[PDB]
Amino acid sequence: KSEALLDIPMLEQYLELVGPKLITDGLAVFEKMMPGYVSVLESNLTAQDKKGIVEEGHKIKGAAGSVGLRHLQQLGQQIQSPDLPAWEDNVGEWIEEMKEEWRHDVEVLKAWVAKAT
């Protein structure tokens, strides 16, 4: 499950060339900005601002991607793609799922980095 949560191929490359400092530094930024993001997401959902939801998804997808949190990036990919069939019916669950596991994902990442080094 650590493979479905992390972008291992990307991280192993980062470690080889540069080192862990950039990941932890980047992850540090993510941990600070993330709470703000989900909150904005949650807002636009109740208010039903379609562009709102899509826009914020694009932001989290990038935020998560750069730090190697694969499942979050993927979950952001879906939220920012309103052309997908049954987006309306399933979009709310993807948001409740974003809110539910982001901290756990961050934990699994920090853990893997330590063990990795």
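Throughout, we count residues from 1 along the sequence that is shown.
The mean Cα B-factor in the deposited entry runs higher for 41-49 than for the other of 55-63 and 41-49. Ranked against the other modelled residues of its chain, the C-alpha B-factor of residue 100 as given in the entry falls in the middle third. Compared with the other modelled residues of the chain, the Cα B-factor recorded for residue 36 ranks in the highest third.
Among the modelled residues of its chain, residue 4 has a C-alpha B-factor that falls in the highest third according to the deposited record. Sorting the modelled residues of the chain by their CA temperature factor places residue 107 in the middle third. Among the modelled residues of its chain, residue 69 has a C-alpha B-factor that falls in the lowest third according to the deposited record.
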